[PDB]
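Enquirer: Pasting a structure below so you can have a look.
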Protein chains: 2
Amino acid sequence: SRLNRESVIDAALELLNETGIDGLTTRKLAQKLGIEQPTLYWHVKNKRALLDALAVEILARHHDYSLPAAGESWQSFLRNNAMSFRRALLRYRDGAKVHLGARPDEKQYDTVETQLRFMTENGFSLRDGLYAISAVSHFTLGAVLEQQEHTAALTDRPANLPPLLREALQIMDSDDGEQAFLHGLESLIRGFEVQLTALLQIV
Amino acid sequence: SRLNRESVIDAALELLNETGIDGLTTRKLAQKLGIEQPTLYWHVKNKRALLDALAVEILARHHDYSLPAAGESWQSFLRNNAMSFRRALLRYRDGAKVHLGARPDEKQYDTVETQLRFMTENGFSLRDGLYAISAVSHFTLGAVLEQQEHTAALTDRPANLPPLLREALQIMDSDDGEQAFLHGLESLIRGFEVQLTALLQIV
Ligand SMILES: Cc1c2c(c(O)c3c(O)cccc13)C(=O)[C@]1(O)C(=O)C(C(N)=O)=C(O)[C@@H](N(C)C)[C@@H]1C2
Ligand SMILES: Cc1c2c(c(O)c3c(O)cccc13)C(=O)[C@]1(O)C(=O)C(C(N)=O)=C(O)[C@@H](N(C)C)[C@@H]1C2
Ligand SMILES: [Cl-]
Ligand SMILES: [Cl-]
Ligand SMILES: [Cl-]
Ligand SMILES: [Cl-]
Ligand SMILES: [Cl-]
Ligand SMILES: [Cl-]
Ligand SMILES: [Cl-]
Ligand SMILES: [Cl-]
Ligand SMILES: [Mg+2]
Ligand SMILES: [Mg+2]
């Protein structure tokens with residue numbers, strides 16, 4: 001079929017959902033596209049190049065809150081940005097693992113620069129704004145990775161529990177992690193605000 | 001050589017540092033131990049069983065702050081627990097990925113139950129204490145995963161930056177992520193405290 005970049009991404013994403021990240025291979029991608037492996041090689045040099053591209057295109061296509069709305073507070077931005085990033089990560093099987101393979105790509109530079117500048121325009125130093133943005137990113141990624149690895153590990157093998165842990169798993173599995181994620185997100189934001197408003201005061 | 005459980009773990013950990021998680025195989029483990037693959041199979045049924053065991057033994061051996069000190073505050077416990085968990089995760093190549101393969105194992109039940117009970121004894125509901133413990137876990141795991149994947153991806157391929165991002169990478173690479181981790185950790189803890197002390201007040 002067609003092997004323009006967009007079409008190759010479409011197929012690779014379709015394949016990722018079928019196989020997961022570990023099981024995705026350029027050989028399987030060539031099969032899905034109806035082509036020979038050396039043909040695919042002209043377009044996609046190896047799995048790593050493919051994964052790097054997926055990490056970018058997943059956010060380009062499905063992360064709709066990269067940028068603040070006009071007039072938006074930094075708090076509200078971090079909240080909306082996190083919710084969007086989580087959704088985009090969860091959209092594809094092993095999505096968090098796909099993301100983590102790389103740091104910002106050149107096509108992402110303008111976006112992430114704008115985010116860093118936005119925090120500095122709202123009273124943060126570059127360093128403290130980077131600390132906040134990174135903390136949100138890492139908390140979000142960790143939460144998704146946990147969900148997605150539990151989905152995986154369930155396919156290899158199943159799972160005398162003590163009472164609070166029993167209850168905690170029952171609670172942690174009453175939704176897809178969303179309550180825990182949102183509650184932690186608010187805690188994080190509030191801690192950043194306390195820190196910011198403190199200025200040079202001992203806090 | 002010897003194939004008691006302890007000795008197999010020792011060798012597998014040694015191998016993990018040599019290969020990383022994706023490149024670790026039971027075939028390579030059998031080679032390191034000087035044995036045939038069917039011999040190893042009697043002891044270790046597959047890679048997943050091996051990884052599950054490593055996730056547990058890495059913490060048993062190297063996470064020394066599972067439990068609070070007598071009289072310790074919940075804040076100080078979460079801090080010390082996080083620092084220890086991070087160190088243990090960072091100790092082995094792809095350690096965060098090793099951890100994420102599983103939820104608490106039976107040999108961990110008493111430990112994690114004690115942690116959940118400890119939060120409830122310090123004013124949290126089980127749910128809100130679980131929210132805090134999970135948030136710390138996920139933030140810590142996300143931060144480590146980012147560091148460890150950057151170490152990996154560097155071996156496949158290297159890396160016009162805009163100025164804040166340039167500076168952010170220079171800042172994010174001035175240590176091994178420790179400043180960013182510790183600053184986020186304090187933000188998280190403080191947000192949990194604000195929430196706890198609020199009780200039923202609009203906050
Ligand atoms: C600023 C920054 C970001 C990211 C990142 O990986 C990163 C880094 O690895 C080093 C230095 C800075 C950054 C994000 O991945 C990203 O997810 C992202 O690419 C991004 C985006 N593309 O819109 C975001 O929304 C951000 N958000 C989750 C806080 C965050 C921004
Ligand atoms: C309570 C709990 C924990 C963990 C966990 O995975 C988990 C879960 O998957 C479902 C429900 C509850 C928990 C931890 O991994 C763990 O890392 C852990 O095993 C653990 C430990 N073994 O000492 C911890 O130190 C904890 N800390 C990082 C907050 C955390 C505790
Ligand atoms: Cl074509
Ligand atoms: Cl195209
Ligand atoms: Cl491949
Ligand atoms: Cl707002
Ligand atoms: Cl033996
Ligand atoms: Cl033993
Ligand atoms: Cl294997
Ligand atoms: Cl204390
Ligand atoms: Mg990133
Ligand atoms: Mg865990």
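As shown in the structure tokens, the chain order sets the letters A, B, ...; within each chain, residues go from 1, and ligands are also counted from 1 in the order they appear.
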Which residues of chain B sit at most 6 Å from chain A, using only C-alpha atoms? Give each one's shortest atom pair and distance in Å (one decimal place), in chain and ascending residue order, as a Markdown table.

Expert:
```
| residue | atom | partner | partner_atom | distance |
| --- | --- | --- | --- | --- |
| B:101 | CA | A:149 | CA | 5.7 |
| B:113 | CA | A:165 | CA | 5.7 |
| B:131 | CA | A:180 | CA | 5.3 |
| B:135 | CA | A:184 | CA | 5.5 |
| B:138 | CA | A:142 | CA | 4.2 |
| B:139 | CA | A:139 | CA | 3.8 |
| B:141 | CA | A:142 | CA | 5.4 |
| B:142 | CA | A:142 | CA | 4.2 |
| B:143 | CA | A:138 | CA | 5.2 |
| B:149 | CA | A:101 | CA | 5.7 |
| B:165 | CA | A:113 | CA | 5.7 |
| B:180 | CA | A:131 | CA | 5.3 |
| B:184 | CA | A:135 | CA | 5.5 |
| B:187 | CA | A:191 | CA | 4.0 |
| B:188 | CA | A:188 | CA | 4.7 |
| B:190 | CA | A:191 | CA | 5.2 |
| B:191 | CA | A:187 | CA | 4.0 |
| B:192 | CA | A:187 | CA | 5.5 |
```

Enquirer: Those same residues, written as a CSV table (one decimal), in the first residue's frame with C-alpha atoms?

Expert:
```csv
chain,number,residue,atom,x,y,z
B,101,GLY,CA,6.5,-5.5,35.4
B,113,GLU,CA,0.4,-3.3,54.4
B,131,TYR,CA,-3.3,8.3,46.7
B,135,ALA,CA,1.7,9.5,43.7
B,138,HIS,CA,4.7,7.1,40.2
B,139,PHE,CA,6.6,10.4,40.3
B,141,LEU,CA,9.3,5.7,38.8
B,142,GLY,CA,8.6,8.3,36.0
B,143,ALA,CA,11.7,10.3,36.9
B,149,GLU,CA,15.7,5.5,28.8
B,165,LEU,CA,15.1,24.2,26.1
B,180,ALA,CA,14.6,18.0,39.9
B,184,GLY,CA,9.3,17.8,43.0
B,187,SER,CA,6.1,19.9,46.3
B,188,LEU,CA,4.2,16.7,46.4
B,190,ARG,CA,3.4,19.7,50.8
B,191,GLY,CA,0.4,19.3,48.6
B,192,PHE,CA,-0.5,16.2,50.5
```

Enquirer: Counting only C-alpha atoms and all ligand atoms, what residues are within 8 Å of ligand 10, given as JSON, numbers by chain?

Expert: {"B": [71, 72, 73, 74, 75, 76, 77]}

Enquirer: Counting only C-alpha atoms and all ligand atoms, which residues in chain A sit no more than 10 Å from ligand 4? For each one, give the nearest pair of atoms and the distance in Å, sorted by chain then residue number, as a Markdown table.

Expert:
```
| residue | atom | partner | partner_atom_place_in_ligand_line | distance |
| --- | --- | --- | --- | --- |
| A:2 | CA | ligand 4 | 1 (Cl) | 9.6 |
| A:3 | CA | ligand 4 | 1 (Cl) | 8.2 |
| A:4 | CA | ligand 4 | 1 (Cl) | 4.6 |
| A:5 | CA | ligand 4 | 1 (Cl) | 4.1 |
| A:6 | CA | ligand 4 | 1 (Cl) | 4.1 |
| A:7 | CA | ligand 4 | 1 (Cl) | 6.7 |
| A:8 | CA | ligand 4 | 1 (Cl) | 8.4 |
| A:9 | CA | ligand 4 | 1 (Cl) | 8.9 |
```

Enquirer: How about saving the chosen residues, N, CA and C atoms kept, as a PDB file, in the first residue's frame?

Expert:
```
ATOM      1  N   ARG A   2       0.321   2.410   0.304  1.00  0.00           N
ATOM      2  CA  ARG A   2       1.095   3.653   0.259  1.00  0.00           C
ATOM      3  C   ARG A   2       2.085   3.726   1.386  1.00  0.00           C
ATOM      4  N   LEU A   3       3.280   4.253   1.089  1.00  0.00           N
ATOM      5  CA  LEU A   3       4.372   4.322   2.054  1.00  0.00           C
ATOM      6  C   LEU A   3       4.860   5.736   2.293  1.00  0.00           C
ATOM      7  N   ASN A   4       3.998   6.713   2.062  1.00  0.00           N
ATOM      8  CA  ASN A   4       4.299   8.035   2.607  1.00  0.00           C
ATOM      9  C   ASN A   4       4.344   7.982   4.110  1.00  0.00           C
ATOM     10  N   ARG A   5       5.073   8.934   4.709  1.00  0.00           N
ATOM     11  CA  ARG A   5       5.232   8.954   6.148  1.00  0.00           C
ATOM     12  C   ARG A   5       3.946   8.783   6.935  1.00  0.00           C
ATOM     13  N   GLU A   6       2.904   9.528   6.591  1.00  0.00           N
ATOM     14  CA  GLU A   6       1.635   9.451   7.303  1.00  0.00           C
ATOM     15  C   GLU A   6       1.069   8.032   7.318  1.00  0.00           C
ATOM     16  N   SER A   7       1.116   7.385   6.157  1.00  0.00           N
ATOM     17  CA  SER A   7       0.596   6.021   5.988  1.00  0.00           C
ATOM     18  C   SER A   7       1.414   4.970   6.771  1.00  0.00           C
ATOM     19  N   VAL A   8       2.720   5.170   6.836  1.00  0.00           N
ATOM     20  CA  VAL A   8       3.583   4.277   7.582  1.00  0.00           C
ATOM     21  C   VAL A   8       3.264   4.419   9.092  1.00  0.00           C
ATOM     22  N   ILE A   9       3.136   5.658   9.568  1.00  0.00           N
ATOM     23  CA  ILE A   9       2.731   5.935  10.966  1.00  0.00           C
ATOM     24  C   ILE A   9       1.383   5.272  11.245  1.00  0.00           C
TER      25      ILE A   9
END
```

Enquirer: Restricting the calculation to only C-alpha atoms: of A:64, A:57, A:18, A:36, which residue gets closest to residue 98 in chain A?

Expert: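 Of the candidates, the smallest distance to residue 98 in chain A is held by A:57.
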
Enquirer: Distance limit 6 Å, reference ligand 5, atoms considered: only C-alpha atoms and all ligand atoms. Which residues make the cut? Give them as a ChimeraX atom specification.

Expert: /A:25-26,47

Enquirer: Find the residue from A:93, A:43, A:107, A:86 that sits nearest to ligand 3; use only C-alpha atoms and all ligand atoms when measuring.

Expert: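 Smallest separation from ligand 3 among the options: A:43.
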
Enquirer: From the set B:59, B:12, B:89, B:70, which residue has the shortest atom-to-atom contact distance to ligand 2, counting only C-alpha atoms and all ligand atoms?

Expert: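 Of B:59, B:12, B:89, B:70, the one nearest ligand 2, counting only C-alpha atoms and all ligand atoms, is B:59.
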
Enquirer: Name the residues of range 92-126 of chain B that come out as helix (DSSP H, G or I) in a backbone DSSP run; write them as a list in words.

Expert: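 The helix (DSSP H, G or I) residues within range 92-126 of chain B come out as residues 95, 96, 97, 98, 99, 100, 106, 107, 108, 109, 110, 111, 112, 113, 114, 115, 116, 117, 118, 119, 120, 121 and 126 of chain B.
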
Enquirer: Give me a file of those residues, with N, CA, C and O atoms, as a PDB file, in the first residue's frame.

Expert:
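The result, stored in selection.pdb:
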```pdb
ATOM      1  N   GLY B  95      16.313  -0.582  35.763  1.00  0.00           N
ATOM      2  CA  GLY B  95      15.659  -0.978  37.010  1.00  0.00           C
ATOM      3  C   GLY B  95      14.204  -0.585  37.155  1.00  0.00           C
ATOM      4  O   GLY B  95      13.400  -1.312  37.769  1.00  0.00           O
ATOM      5  N   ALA B  96      13.844   0.586  36.635  1.00  0.00           N
ATOM      6  CA  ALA B  96      12.474   1.011  36.735  1.00  0.00           C
ATOM      7  C   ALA B  96      11.567   0.131  35.887  1.00  0.00           C
ATOM      8  O   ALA B  96      10.471  -0.243  36.336  1.00  0.00           O
ATOM      9  N   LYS B  97      12.005  -0.211  34.702  1.00  0.00           N
ATOM     10  CA  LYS B  97      11.301  -1.165  33.859  1.00  0.00           C
ATOM     11  C   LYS B  97      11.170  -2.541  34.530  1.00  0.00           C
ATOM     12  O   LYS B  97      10.145  -3.197  34.427  1.00  0.00           O
ATOM     13  N   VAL B  98      12.209  -2.957  35.232  1.00  0.00           N
ATOM     14  CA  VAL B  98      12.124  -4.220  35.973  1.00  0.00           C
ATOM     15  C   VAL B  98      11.035  -4.139  37.013  1.00  0.00           C
ATOM     16  O   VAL B  98      10.208  -5.066  37.148  1.00  0.00           O
ATOM     17  N   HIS B  99      10.984  -3.028  37.752  1.00  0.00           N
ATOM     18  CA  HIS B  99      10.016  -2.886  38.811  1.00  0.00           C
ATOM     19  C   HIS B  99       8.584  -2.949  38.265  1.00  0.00           C
ATOM     20  O   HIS B  99       7.713  -3.599  38.821  1.00  0.00           O
ATOM     21  N   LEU B 100       8.351  -2.245  37.167  1.00  0.00           N
ATOM     22  CA  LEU B 100       6.995  -2.013  36.706  1.00  0.00           C
ATOM     23  C   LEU B 100       6.300  -3.262  36.198  1.00  0.00           C
ATOM     24  O   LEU B 100       5.077  -3.274  36.088  1.00  0.00           O
ATOM     25  N   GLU B 106       3.682 -11.613  47.128  1.00  0.00           N
ATOM     26  CA  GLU B 106       3.420 -12.114  48.456  1.00  0.00           C
ATOM     27  C   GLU B 106       4.533 -11.832  49.438  1.00  0.00           C
ATOM     28  O   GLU B 106       4.222 -11.537  50.591  1.00  0.00           O
ATOM     29  N   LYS B 107       5.816 -11.869  49.044  1.00  0.00           N
ATOM     30  CA  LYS B 107       6.828 -11.574  50.076  1.00  0.00           C
ATOM     31  C   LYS B 107       6.851 -10.132  50.425  1.00  0.00           C
ATOM     32  O   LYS B 107       7.570  -9.787  51.362  1.00  0.00           O
ATOM     33  N   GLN B 108       6.185  -9.288  49.639  1.00  0.00           N
ATOM     34  CA  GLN B 108       6.111  -7.875  49.996  1.00  0.00           C
ATOM     35  C   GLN B 108       4.849  -7.477  50.760  1.00  0.00           C
ATOM     36  O   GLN B 108       4.689  -6.313  51.146  1.00  0.00           O
ATOM     37  N   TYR B 109       3.946  -8.410  51.017  1.00  0.00           N
ATOM     38  CA  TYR B 109       2.626  -8.004  51.478  1.00  0.00           C
ATOM     39  C   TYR B 109       2.682  -7.314  52.828  1.00  0.00           C
ATOM     40  O   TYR B 109       2.051  -6.288  53.052  1.00  0.00           O
ATOM     41  N   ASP B 110       3.438  -7.886  53.742  1.00  0.00           N
ATOM     42  CA  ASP B 110       3.514  -7.346  55.075  1.00  0.00           C
ATOM     43  C   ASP B 110       4.104  -5.906  55.081  1.00  0.00           C
ATOM     44  O   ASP B 110       3.640  -5.023  55.815  1.00  0.00           O
ATOM     45  N   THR B 111       5.124  -5.674  54.260  1.00  0.00           N
ATOM     46  CA  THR B 111       5.719  -4.355  54.109  1.00  0.00           C
ATOM     47  C   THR B 111       4.717  -3.329  53.623  1.00  0.00           C
ATOM     48  O   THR B 111       4.504  -2.290  54.260  1.00  0.00           O
ATOM     49  N   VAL B 112       4.105  -3.585  52.480  1.00  0.00           N
ATOM     50  CA  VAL B 112       3.193  -2.594  51.927  1.00  0.00           C
ATOM     51  C   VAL B 112       1.952  -2.411  52.803  1.00  0.00           C
ATOM     52  O   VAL B 112       1.410  -1.323  52.868  1.00  0.00           O
ATOM     53  N   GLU B 113       1.482  -3.464  53.466  1.00  0.00           N
ATOM     54  CA  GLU B 113       0.358  -3.312  54.380  1.00  0.00           C
ATOM     55  C   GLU B 113       0.736  -2.359  55.508  1.00  0.00           C
ATOM     56  O   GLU B 113      -0.042  -1.540  55.941  1.00  0.00           O
ATOM     57  N   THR B 114       1.934  -2.518  56.020  1.00  0.00           N
ATOM     58  CA  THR B 114       2.402  -1.655  57.088  1.00  0.00           C
ATOM     59  C   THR B 114       2.469  -0.182  56.634  1.00  0.00           C
ATOM     60  O   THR B 114       2.065   0.733  57.353  1.00  0.00           O
ATOM     61  N   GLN B 115       2.934   0.041  55.415  1.00  0.00           N
ATOM     62  CA  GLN B 115       2.950   1.405  54.865  1.00  0.00           C
ATOM     63  C   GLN B 115       1.544   2.012  54.769  1.00  0.00           C
ATOM     64  O   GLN B 115       1.305   3.178  55.164  1.00  0.00           O
ATOM     65  N   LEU B 116       0.593   1.222  54.269  1.00  0.00           N
ATOM     66  CA  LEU B 116      -0.775   1.707  54.144  1.00  0.00           C
ATOM     67  C   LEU B 116      -1.375   1.969  55.546  1.00  0.00           C
ATOM     68  O   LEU B 116      -2.018   3.030  55.792  1.00  0.00           O
ATOM     69  N   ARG B 117      -1.155   1.048  56.478  1.00  0.00           N
ATOM     70  CA  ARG B 117      -1.634   1.250  57.845  1.00  0.00           C
ATOM     71  C   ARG B 117      -1.014   2.492  58.493  1.00  0.00           C
ATOM     72  O   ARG B 117      -1.684   3.241  59.186  1.00  0.00           O
ATOM     73  N   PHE B 118       0.271   2.692  58.258  1.00  0.00           N
ATOM     74  CA  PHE B 118       0.997   3.841  58.816  1.00  0.00           C
ATOM     75  C   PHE B 118       0.348   5.135  58.342  1.00  0.00           C
ATOM     76  O   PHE B 118       0.080   6.006  59.145  1.00  0.00           O
ATOM     77  N   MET B 119       0.036   5.260  57.050  1.00  0.00           N
ATOM     78  CA  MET B 119      -0.644   6.487  56.607  1.00  0.00           C
ATOM     79  C   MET B 119      -2.018   6.642  57.339  1.00  0.00           C
ATOM     80  O   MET B 119      -2.359   7.730  57.789  1.00  0.00           O
ATOM     81  N   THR B 120      -2.770   5.558  57.494  1.00  0.00           N
ATOM     82  CA  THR B 120      -4.076   5.661  58.164  1.00  0.00           C
ATOM     83  C   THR B 120      -3.949   6.037  59.648  1.00  0.00           C
ATOM     84  O   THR B 120      -4.876   6.639  60.215  1.00  0.00           O
ATOM     85  N   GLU B 121      -2.852   5.638  60.281  1.00  0.00           N
ATOM     86  CA  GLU B 121      -2.566   6.004  61.664  1.00  0.00           C
ATOM     87  C   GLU B 121      -2.106   7.451  61.824  1.00  0.00           C
ATOM     88  O   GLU B 121      -1.953   7.934  62.935  1.00  0.00           O
ATOM     89  N   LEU B 126      -7.751   5.332  54.170  1.00  0.00           N
ATOM     90  CA  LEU B 126      -6.996   4.389  53.360  1.00  0.00           C
ATOM     91  C   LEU B 126      -6.863   4.952  51.949  1.00  0.00           C
ATOM     92  O   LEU B 126      -5.789   4.905  51.359  1.00  0.00           O
TER      93      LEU B 126
END
```

Enquirer: Quick one: of A:17, A:170, A:37, A:80, who's nearest to ligand 6, counting only C-alpha atoms and all ligand atoms?

Expert: A:80
